[PDB]
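Only one chain is given next, in structure tokens, and it is the form deposited without the partner chain.
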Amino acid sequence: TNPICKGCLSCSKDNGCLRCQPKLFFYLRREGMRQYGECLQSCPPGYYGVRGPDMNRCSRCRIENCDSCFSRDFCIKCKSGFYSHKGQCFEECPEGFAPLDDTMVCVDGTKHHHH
């Protein structure tokens, strides 16, 4: 289908939106091998919304093993089998920290080891 260019301040002929209305989130979509600017009310899964200094945008979550990003560097929810710890995703909680198996986070534990 041919994209209709919506919620937009500058609509182009062949590239969708070039500048969204202030409140909408700019999103770059691929149709028939072309890139189209779209203006979304909320970003879709795999992205996070952020207010940049130029516009609201949907940025791609690139954290390894992350399901949902809070921001570029912080994962809110990791994929299956991973624990979140300081915004990253771990198969095992690191030294000093203990797993909570119902929420899949790492929390403060002991640093003592027997000699």
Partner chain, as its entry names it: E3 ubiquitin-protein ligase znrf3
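Residue numbers count along the first chain shown, from 1.
There is another form of the same protein, the form deposited with the partner chain bound; it is not shown, and what comes next is about it.
- For the residues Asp101, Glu91, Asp14, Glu95, the 4.5 Å heavy atom test against the partner chain in the entry with it bound is passed only by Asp14.
- None of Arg34, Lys77, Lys86, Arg51 but one reaches within 4.5 angstroms of the partner chain in the entry with it bound through a heavy atom, and that residue is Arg34.
- Although the partner is absent here, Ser10 lies within 4.5 Å of the partner chain in the entry with it bound, judged by heavy atoms.
- In the entry with it bound, the partner chain sits within 4.5 Å of a heavy atom of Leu18.
- Using a 4.5 Å cutoff between non-hydrogen atoms, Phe82 does not count as a contact of the partner chain in the entry with it bound.
- Of the residues in 45-76, those that come within 4.5 Å of the partner chain in the entry with it bound through at least one heavy atom are, in sequence order, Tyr47, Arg57, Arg60.
- Panel note: of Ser42, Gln21, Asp73, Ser59, the residue at the hinge between moving rigid parts between this form and the one not shown is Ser59; all others are over 12 positions away.
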